[PDB]
């Protein structure tokens, strides 16, 4: 069976799945925030000694927003890493995170990979890229959507692979682990009139012992079912649950928690972790709403927190095979 294999107008990419048409969060007080969204020191600060591996995956650490660190099958990789305060081309305006990054880039050791779902300042953060590339160099491989190679090259990144969807590659030392850029329903833009000059997508990571899915930003299309059927079952999937209100505007580009759980099903993962949410105010929902709505969905679909969990900032979770 074939898949959404996309896809251009004569210039930019469009989504092509037909669920696409081209059509009050309120935090404050340092005490309440710490109460509701505490920031934990990741394990690797006081126990830098080992992780990943061991021997059959799989460990994840939520570093906020859509940044997760994943340890499996002898690799540690990083998704959409944003360690800066502001997701913006400007110092002066644009969204400031209200929970600090749980660690600095000087802690970590990504061997040998990062995964970028789309450009977009809250996923592709120049200062984070620079810092990562200053620290590791060649020794870090960047997997990015078709059309971003150049941008990364100009940041000084030399070990970069650019992918159309359903295209696949690995990290040179570790050929047993396939990285596949898979579809998603979203968009790209960093400047004026660059709309969708670069692809957006999800990542399916296929190792000998484990399989991990990273949704990126989306919502809700076939494709998740295509992915679920082509790869899958997956062991863990990271799926956004924030930035969804108001529905009439956001639904084409952002799942709500209900739709998040439909992706969880469609993709055939044993478990999922909530990302996006709780970090930047990018839409109108009360900053604590997404986890509440997640649980309402789970209850409705006959599932459980065990199946689709939300971490604290900086928390880790081990998933035994």
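Numbering follows the first chain given and starts at 1.
Counting the unmodelled positions of the deposited sequence between residue 23 and residue 24 gives a long gap of 10 or more residues.
Comparing 84-92 with 200-208, the stretch with the higher mean C-alpha B-factor in the PDB entry is 200-208.
Taking the PDB entry as given, 8-16 carries the higher mean Cα B factor of the two stretches 307-315 and 8-16. Ranking 49, 296, 259, 285 by the C-alpha B-factor listed in the PDB entry places 49 at the top. Sorting 242, 183, 216, 173 by the CA temperature factor given in the entry leaves 173 at the top.
Looking at the C-alpha B-factors along this chain, the one for residue 106 belongs to the middle third. Residue-level temperature factors show residue 42 in the middle third of its chain, judged at the C-alpha atom. When the modelled residues of the chain are ordered by their C-alpha B factor, residue 229 lands in the highest third. Residue 53: CA B factor lies in the highest third for its chain, per the PDB record. For residue 65, the recorded CA B-factor ranks within the lowest third of the chain. Only modelled residues enter the ranking.
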